[PDB]
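Residue numbers (this note's numbering), protein chains in the order written: chain A, 62 to 110; chain B, 74 to 1498; chain C, 170 to 226; chain D, 414 to 510; chain E, -10 to 96; chain F, 3 to 88; chain G, 53 to 136; chain H, -17 to 31. For every residue, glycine included, the Cβ atom is placed at its ideal position computed from N, Cα and C.
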Amino acid sequence: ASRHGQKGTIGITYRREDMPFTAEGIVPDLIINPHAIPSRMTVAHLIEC
Amino acid sequence: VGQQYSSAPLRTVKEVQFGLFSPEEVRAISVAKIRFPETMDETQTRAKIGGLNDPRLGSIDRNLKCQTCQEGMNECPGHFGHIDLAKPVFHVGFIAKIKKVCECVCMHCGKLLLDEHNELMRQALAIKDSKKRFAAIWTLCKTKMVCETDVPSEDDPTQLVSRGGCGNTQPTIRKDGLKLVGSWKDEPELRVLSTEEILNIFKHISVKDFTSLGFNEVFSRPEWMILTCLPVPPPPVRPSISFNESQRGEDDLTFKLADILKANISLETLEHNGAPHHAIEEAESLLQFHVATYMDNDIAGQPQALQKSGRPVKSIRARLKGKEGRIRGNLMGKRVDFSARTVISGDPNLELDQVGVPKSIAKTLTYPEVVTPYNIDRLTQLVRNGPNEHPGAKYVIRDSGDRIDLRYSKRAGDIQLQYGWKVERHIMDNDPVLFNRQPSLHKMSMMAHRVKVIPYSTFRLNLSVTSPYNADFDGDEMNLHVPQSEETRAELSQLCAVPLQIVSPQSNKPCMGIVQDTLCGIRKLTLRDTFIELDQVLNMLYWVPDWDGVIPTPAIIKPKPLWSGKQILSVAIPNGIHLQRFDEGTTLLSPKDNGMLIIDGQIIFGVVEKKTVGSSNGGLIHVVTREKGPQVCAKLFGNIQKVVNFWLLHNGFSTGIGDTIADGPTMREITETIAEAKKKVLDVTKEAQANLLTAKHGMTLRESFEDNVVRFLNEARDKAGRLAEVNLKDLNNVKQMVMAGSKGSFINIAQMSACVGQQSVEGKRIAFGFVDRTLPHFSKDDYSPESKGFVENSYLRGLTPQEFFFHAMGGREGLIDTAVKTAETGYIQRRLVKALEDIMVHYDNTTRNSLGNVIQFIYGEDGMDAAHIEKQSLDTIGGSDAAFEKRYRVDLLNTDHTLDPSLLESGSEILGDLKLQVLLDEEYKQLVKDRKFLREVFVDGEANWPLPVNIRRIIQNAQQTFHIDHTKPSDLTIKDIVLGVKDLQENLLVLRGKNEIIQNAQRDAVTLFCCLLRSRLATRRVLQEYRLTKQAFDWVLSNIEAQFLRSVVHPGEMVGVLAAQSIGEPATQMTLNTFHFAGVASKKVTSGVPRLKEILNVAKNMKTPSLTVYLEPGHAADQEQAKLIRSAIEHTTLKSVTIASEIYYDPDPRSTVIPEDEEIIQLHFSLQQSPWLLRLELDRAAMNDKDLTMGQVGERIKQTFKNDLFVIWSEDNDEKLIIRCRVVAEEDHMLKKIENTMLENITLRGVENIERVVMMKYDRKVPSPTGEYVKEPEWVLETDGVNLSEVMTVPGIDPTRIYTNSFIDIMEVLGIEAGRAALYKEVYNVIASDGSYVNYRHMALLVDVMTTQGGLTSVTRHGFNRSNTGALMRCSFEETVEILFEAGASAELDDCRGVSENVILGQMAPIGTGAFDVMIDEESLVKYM
Amino acid sequence: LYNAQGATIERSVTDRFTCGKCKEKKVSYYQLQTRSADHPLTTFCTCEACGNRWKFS
Amino acid sequence: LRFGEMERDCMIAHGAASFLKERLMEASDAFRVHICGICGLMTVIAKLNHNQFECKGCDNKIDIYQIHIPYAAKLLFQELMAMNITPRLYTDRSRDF
Amino acid sequence: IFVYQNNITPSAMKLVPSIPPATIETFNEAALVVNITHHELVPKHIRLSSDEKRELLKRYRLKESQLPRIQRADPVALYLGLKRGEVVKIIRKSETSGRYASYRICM
Amino acid sequence: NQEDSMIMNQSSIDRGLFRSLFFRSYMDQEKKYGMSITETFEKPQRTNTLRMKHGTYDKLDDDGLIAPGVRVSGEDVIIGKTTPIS
Amino acid sequence: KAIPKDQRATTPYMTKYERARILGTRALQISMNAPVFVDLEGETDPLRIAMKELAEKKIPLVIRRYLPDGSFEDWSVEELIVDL
Amino acid sequence: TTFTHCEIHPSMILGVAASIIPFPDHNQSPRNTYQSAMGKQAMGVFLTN
RNA sequence: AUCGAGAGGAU
DNA sequence: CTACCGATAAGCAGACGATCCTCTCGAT
DNA sequence: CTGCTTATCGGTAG
Ligand SMILES: [Mg+2]
Ligand SMILES: [Zn+2]
Ligand SMILES: [Zn+2]
Ligand SMILES: [Zn+2]
Ligand SMILES: [Zn+2]
């Protein structure tokens, strides 16, 4: 869980290859669902980032 | 099961006769003589002593020895022993009846206190219930205190017939401790009643004088209420806790029998020894304690009965009392084998019905498949693989009677299987498993699945089965149970299975749908602006596992062949599907892509989203289930998913703080609109400070300042939202989710980007918890928004401390009624659950409980399964007479009203046919009878109602099935139709009786459905509106019957439980104590949960007992007329109009001391008492709200004390009204006796209990002259307090439409059948306030159980739990051992048809699957070779 | 007369709502409450035209 | 794991009766007792090998039945006897209705 | 049928059941002003001849008591003036099927 | 990553994201008697009283305990302790 | 009390509860090595064999439907209309 | 303007757990409550010893 | 393992 | 014009309180 | 957030 009660569990692990990379070449360690905003309304989370 | 075959026959339990233990049958049963209070140790020797346990009961050491019985341990139960008592004992819980029976009997001769010579006693003795009989008997025998020698006869009141013997006086029995004290009457003879004598009197009560009281000659004698010989439970009932050898730790009950036997011994140590006469009974009350404490312990008597270390000790009772207890926690809900539980994760690549089981848990659980040449080839290689690799097993049980443990056993690799052995294999792919999430209060909360074994330690399920179980994946855990019999596992995939459970029965709509990513993608994919090309399309096409193997021709070819989204998503939607919507601006050529049209599993126009694909009623999921099946529909989910995911997986969708930042102008334009919204507040804060505010009908200037303020900031926040809302582009992710339904309502947009808003506590803005202020940060009396907690900032901007805090307050308010709430919610859930239960639909389509009582005569008033129902419009009750005739009227004799021949092929030679018109008038005569009738059912005019068989679709399918064209004429006759439709209203059976009473009640269940039928299947409709053909019209008829037959409820359905949950489920959603009227006091009404808690308890005293009075038909819209009836109902006391009550010393009653009165006496003299005058000033204001005049007031007082209080009064034209009265040896003290009567005991005009009467203008919709349903508003009074018995009888009102939220009253006055109705309406609105909808059936059922009996049986302990159900059913709820006691005390008999009894006996309860037998037909097996 | 008549239910309506009964744009609601935040939070509307009530989450 | 009341009450709803007997027997208590046909009680002494029963008190040896009830039920029936309350067990209904 | 105005002596009211086969009913004036059966909520109760009753049981396979009951002093029940054992064919309107019949034996 | 669940990169999990140690502690005593009859730690082996557990006792040294180096797994024995009671 | 094969009221349609038990006690016997009255076209699962035994309507079992006064109606799967 | 006392800094109305939340004044009221019931279920280095 | 309580997970 | 049955009003008592799941500590 | 037991009154009976 981040620091806004936005919890949840790993539902699968992908490797660097199958992960979505940026032009930079980076890749994320975590990919959370866009539906975890509107409902709860944790805007600090977006800002923290 | 239980090891070792026994010769004795296998039979189930049918009856259970409750009774009591007779000492004579106690001594015949026992085998051990029990006399010694030790345990083992024959002087330390490792065995047991022949005194306590082991005297011939059950052993411990692992010794066969149990009086040769061998077996031992796990095969021999417990053998009972007895313990001779030196002196009789009171049974702890039989105290009340032992007192009651003594009060009901005379000593010395032992006989009923009242013979049949007493007539009032006959009525009591006539009652055919041993419960209530002994109840009315005790109310009559509590008065008598003399043994009557001679009694008045049946003839004359001077002659007497003799019956009983010597007539000693009888005592008044009170309880104290464990004995009974009495007082013979000349100063009381105070002595205690001995257990030794009570039995001597209880033995001597006649054989017929038992049965008259609730007792039995055989099973339960009032003499066996007193313990003479105490039976002793074996070890299995109070088993030790052994630690090897030379270490023993025994159960508590065991210590009890020691302490009892040690007391009983010290007793017989005084009898046969030098006893101190009355120092014996000192220790006799000890034996009365220990034997009374060994059964019960939370008694009235304060001694708790500790064992050293301060241990309350579990008396047998506590072992059974609900929760954790033997009955509830150990019999109704056992812990189980073959079960598992872990963290659930979502998996968008499994089908709906599937559930990914971790490989480990599949290695652990097992299924015992019986070896047959059908499976030998497989099951053997399984056994070979052992219990380590997945496809394998962990036991092999030969038919002999002994297992083979594969994880050991030298012969795991060898092993020959044989035809008939049970292999215990691992759970495998495609086995049936009951899957479940707690808290379980749905059918949905428990559903069967298909095990698909996977790696990784999570249970996996399908996103779209999330809302039934109510799951997220933030850490939830779920239970899994694995069936064990081929017959049992079948009972799962044929009922419990997931697809079978899609059409939720409690709300007549599909409970599963499409959610989140798949639902937010399907919108993005659909928009015509979304296009897909060759390479990607092919993947998507391969992705659907039902793809016809033919790539569809591209919606676009031109320069480059592109496909549309809609074009390929339609690969997921099967063939033959039809869906019509039309949202707002939907026109066959929607300019906004609104609504939806699906013909032949193809999208034609309209973006797909929630309304279409969600759990909506008129959606795609609903259709495909009724149109194609549960098997074919579950697959539909997977298709939509597998594809949409794949696209989204490549398209991408996100959210950032950028999705909550509005324009430069738009933001300023918001802050400006909150600016004028603040000055709008300030001004109407100065208005209120310069005392210029109007009062409002809504009470209190201060209350009307708050109303005004809240409604300015709430109004401001909301239109500040609609600004940012609209400023948001179409390429805004947050707005994109709002549209697709996936998550996020508009306020979430409003608060985030625009303005948080006003926070509230209890209903009003924050209070002055700081003495005239909210935070120490403000000055006193700062009544403006920011002081009173209006957060102006948007979450993005960020709150300020005051805002932050005042926002924290308004947040906590919920968390609290999620804590105080849940407790009482689950107890109303469990109550209903247990109250209904046994109620099931029987094969005669009745609806009966376990007793065999009818509750509904046809389940839910029509005999239809709730799952098969939709909100279809009744077109016959709507519209105007003008529209009606322009629509349902075919006149073949009229040139301008005939079916234009351009319709029917046979129409041009029909104009005029007199014969055809006689069967074309009868269509109308009935269509009109339908209207007149319906408008009298639904008086609202409401047309949309729950009915089986959606016809719009069943017809629209015929529209696109046979491709009918609206250009070329039809081939039906008018005789085809009218005689067709009619011949359908004889095929839609529900009941099926041979005779009158059934077939005349059968007509009734169909009556409504048929109106719907004549509504759509009329001539001017069928031909002109839809163009059906002889073929398609016959097909529609052929369908409608079938789908109506499939709509009928199945005998077996356990509606009781089903109906219960359906109310306790949304009752769980209900917000506790919200109060949307707190703030506007003096007009508060109970809402939500506590309001329900009231109804379910048949509550006498209620918080808001309003009773609505309607006006007389004519004088209903007249304002003043309304305030004339008002002033005739409101309880107006002299106290209401009085200002000041003064007392003067006016000595000369010919001229008043007060010069403001001089003018009064002149009159009341122009035209001997006492000098103490009593002045009363009445207010002119109040005296004209309730139309009264001085004369009327004065004439009323003068006739209360009548002609002994000298009363006078002024007129109606003096600056001050006055009532002066004088009185006629301390007369200043009698002038106050009467000061209080002139107030709280004198009525002027009004009904008592009716304080406050408010007038309100209601909207009523009514049949207009022209026919339309029109808004005609009446005046109606409301009230506080109830007096239905009288308000009704008042003139000027409509005494036919009077109503009270006190349904319990509308029983006592209007008769139980009206009470029922009132009770239902009172339930409905409680569940309808939440915004929750429950199908009439579920509620009506609960409503019926509360009435049928005769009165209003509460759904609590006092209510349904006292009824005539079997003992063991009523004892599974609240009062347990308290009922069991009385059960055997009155020789009760349990029928054992109840769910609970057979569940307690671990047998197959007659419930659905078990509502019958299935025997082998000898004469249909002989034919099959 | 002003005393006789009762409280008038005045609540700001929103045009950002679709109704089933009259399908009109006249719906008021009241934030709350069941389980606030994670999971989510209920949102109970109303139709002062028609009387219906629904709920979000 | 516990098959609580609520879980039982979901199975009743579904109508799957046999499954509930399975969740109550073969996967839980599943005991087996002998009752005397006459004074329906938990008294019959069972010498399983010599195929002799008998019922001292209600003198039997002949009329003896075999029941498949949950162990906890046995416990309750006994506990009640230990409170002087006689829970009878009869294998045939005389009442009708 | 006797109509009292305020209340009769508790002695006189027990000179009522003491003459078979002619039953006697008392009634209050205030309890008879408005006709309850006219009320919006109350369906019209119908008395069944002990023929139609003995015919009813048979077709629903009932044991008398199994039938839904009406209080002996139920307003409607005393309106029709009912006796112990008689049955009412309460025929009510329904929102799930036009009309729905129901039965109540008297307590 | 739907409905309160998230995808986590395995490569970073490998490289050592959110790794955590886990330290559980098992404890025991030798209990005396008012007549000097204490218990005893040791590696047990059958002998008259017999009662034991099913795990592999052979991971114990002799004093009664395992050595910090070793590697326990299933239902192995971690502390050997016996009670001499007549 | 025995209602004869005539004077028959109860639904001629086979209710879910009945079917779900018929298939059951049939998949039961099948697993217990009993004879099969239908050609098992390469089938191995009893429940999946009884389902083929059902559409061909070759199950020899009589359902005994009870009404709440004792009496009953005897129905064979042969007679019952399996719609669903 | 009759001020007697000033507040050292508004941010101190927070408790320990609550104080770790970033931009709490940008979060929906009850959200912070939740986060203040998990941070004490986390895995850190609770002490060096 | 029986017993009493406290801390924590899911709505 | 006192004797005693009956109605009613008023005073004090009881038995309920979500489902399930994991941890840790203490004691005859 | 109430059912069952007790006392105190107002009427009718030898
Ligand atoms: Mg959760
Ligand atoms: Zn034995
Ligand atoms: Zn006597
Ligand atoms: Zn509406
Ligand atoms: Zn016996």
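Problem - Proximity of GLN1058 of chain B and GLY1066 of chain B at Cβ, strictly below 8 Å - result: In the second sequence, counting from the first residue as 1, residue 1058 of chain B sits at position 985. In the second sequence, counting from the first residue as 1, residue 1066 of chain B sits at position 993. For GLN1058 of chain B and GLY1066 of chain B, no; Cβs fall outside 8 Å.
Practice task
Could you name the residues of the stretch 64 to 86 of chain A whose beta carbon sits closer than 7 Å to any beta carbon of chain F, in the order they occur along the chain?
Solution key: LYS68, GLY69, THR70, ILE71, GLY72, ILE73, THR74, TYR75, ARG76, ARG77 and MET80
Practice task
Rank B:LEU438, B:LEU977, B:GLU442 and B:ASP994 by C-alpha distance to the C-alpha of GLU958 of chain B and give the top, closest one.
Solution key: As a first step, residue 958 of chain B must be located in the second sequence, where it is residue number 885. Per the Cα distances, B:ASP994.
Problem - Per-residue contacts from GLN320 of chain B into chain F (C-beta, under 8 Å) - result: Within the second sequence, the letter at position 247 stands for residue 320 of chain B. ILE87, listed in chain order.
Practice task
Output yes or no for whether 8 Å exceeds the beta carbon distance between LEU30 of chain E and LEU1383 of chain B.
Solution key: Counting from 1 along the fifth sequence, the entry for residue 30 of chain E is found at position 41. Counting from 1 along the second sequence, the entry for residue 1383 of chain B is found at position 1310. Cβ distance < 8 Å, so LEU30 of chain E and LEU1383 of chain B count as in contact.
Exercise for the section: Have a look at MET1328 of chain B and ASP935 of chain B and give me their C-alpha separation to the nearest angstrom. Expected result: Taking the second sequence and counting its residues from 1, the one referred to as residue 1328 of chain B is at position 1255. Taking the second sequence and counting its residues from 1, the one referred to as residue 935 of chain B is at position 862. Each residue's Cα considered, the two are about 40 Å apart.
Practice task
Kindly examine ligand 3 and report whether one of its heavy atoms sits closer than 7 Å to the Cβ of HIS481 of chain D.
Solution key: In the fourth sequence, residue 481 of chain D corresponds to position 68, counting from 1. Incorrect: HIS481 of chain D has no Cβ contact closer than 7 Å to ligand 3.
Exercise for the section: Measure the Cβ-Cβ separation of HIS515 of chain B and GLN929 of chain B and say whether it is below 8 Å. Expected result: Taking the second sequence and counting its residues from 1, one reaches residue 515 of chain B at position 442. Taking the second sequence and counting its residues from 1, one reaches residue 929 of chain B at position 856. Result no, Cβ atoms of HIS515 of chain B and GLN929 of chain B do not sit closer than 8 Å.
Practice task
Just the C-alpha distance for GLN320 of chain B and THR141 of chain B, rounded to the nearest angstrom, thanks.
Solution key: Here residue 320 of chain B refers to the residue found at position 247 when the second sequence is read from its first residue. Here residue 141 of chain B refers to the residue found at position 68 when the second sequence is read from its first residue. Approximately 27 Å, taken between the alpha carbons.
Problem - beta-carbon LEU502 of chain D near ligand 5 non-hydrogen atom, thresh 7 Å - result: The count along the fourth sequence starts at 1 and reaches residue 502 of chain D at position 89. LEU502 of chain D: no, Cβ never under 7 Å from ligand 5.
Exercise for the section: Determine the closest residue to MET1361 of chain B out of B:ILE1379, B:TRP1348, B:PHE153 and B:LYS1344, with distance taken between C-alpha atoms. Expected result: For the purposes of this step, residue 1361 of chain B is taken as the residue at position 1288 of the second sequence. Of the listed residues, the one whose Cα sits closest to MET1361 of chain B is B:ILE1379.
Exercise for the section: With a threshold of 7 Å, establish whether the CB of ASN1017 of chain B neighbours any heavy atom of ligand 4. Expected result: Position 944 of the second sequence, counting from 1, holds the residue named residue 1017 of chain B. No, Cβ of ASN1017 of chain B sits at least 7 Å from all heavy atoms of ligand 4.
Problem - Pair within 8 Å by beta-carbon distance, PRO556 of chain B and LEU565 of chain B - result: Numbered from 1 along the second sequence, position 483 holds the residue referred to as residue 556 of chain B. Numbered from 1 along the second sequence, position 492 holds the residue referred to as residue 565 of chain B. Yes, the Cβ-Cβ distance between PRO556 of chain B and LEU565 of chain B is below 8 Å.
Practice task
For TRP616 of chain B, name the three-state secondary structure that DSSP assigns.
Solution key: Within the second sequence, numbered from 1, the residue matching residue 616 of chain B stands at position 543. Correct three-state label for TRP616 of chain B: helix.
Problem - Beta-carbon contacts of residue 1510 of chain B that lie in its chain and below 6 Å, excluding the five residues immediately before and after - result: Nothing about residue 1510 of chain B can be reported from this structure: the residues present for chain B run from 74 to 1498 only.
Handout entry: Reduced DSSP secondary structure (H/G/I, E/B, other) of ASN787 of chain B
Key = On the second sequence, residue 787 of chain B is found 714 positions in, with the first residue counted as 1. Of the three classes helix, strand and coil, the one that applies to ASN787 of chain B here is helix, per DSSP.
Exercise for the section: With 7 Å as the limit, tell me which residues of the stretch 0 to 12 of chain H have their beta carbon closer than that to any beta carbon of chain A; keep them in chain order. Expected result: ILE2, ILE3, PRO4, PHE5, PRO6, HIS8, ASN9 and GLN10
Practice task
Just confirm the distance between the C-beta atoms of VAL310 of chain B and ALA430 of chain D, as a whole number of angstroms; I'd bet it's less than 8 Å.
Solution key: Residue numbering aside, residue 310 of chain B sits at position 237 when the second sequence is read from its first letter. Residue numbering aside, residue 430 of chain D sits at position 17 when the fourth sequence is read from its first letter. 31 Å between Cβ atoms; not a contact.
Exercise for the section: Go ahead and pull the three-state DSSP assignment for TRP1108 of chain B. Expected result: For the purposes of this step, residue 1108 of chain B is identified with residue 1035 of the second sequence, where counting begins at 1. DSSP places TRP1108 of chain B in helix when its eight states are reduced to three.
Exercise for the section: Say yes only if the C-beta of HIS34 of chain E is nearer than 7 Å to one or more non-hydrogen atoms of ligand 3, and no if none qualify. Expected result: Against the fifth sequence, residue 34 of chain E aligns to sequence position 45. No - ligand 3 has no heavy atom lying nearer than 7 Å to the Cβ of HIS34 of chain E.
Handout entry: is_contact[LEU1118 of chain B, chain G] using C-beta, thresh 8 Å
Key = Locating residue 1118 of chain B in the second sequence gives position 1045, where the first residue counts as 1. Yes, because at least one Cβ of chain G sits closer than 8 Å to the Cβ of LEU1118 of chain B.
Exercise for the section: For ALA209 of chain B, collect the residues of the same chain with a Cβ closer than 7 Å to its Cβ; drop the 5 residues on either side in sequence, then sort them by chain order. Expected result: The sequence position of residue 209 of chain B within the second sequence is 136, counting from 1. Same-chain partners within the cutoff: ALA197 and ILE200.
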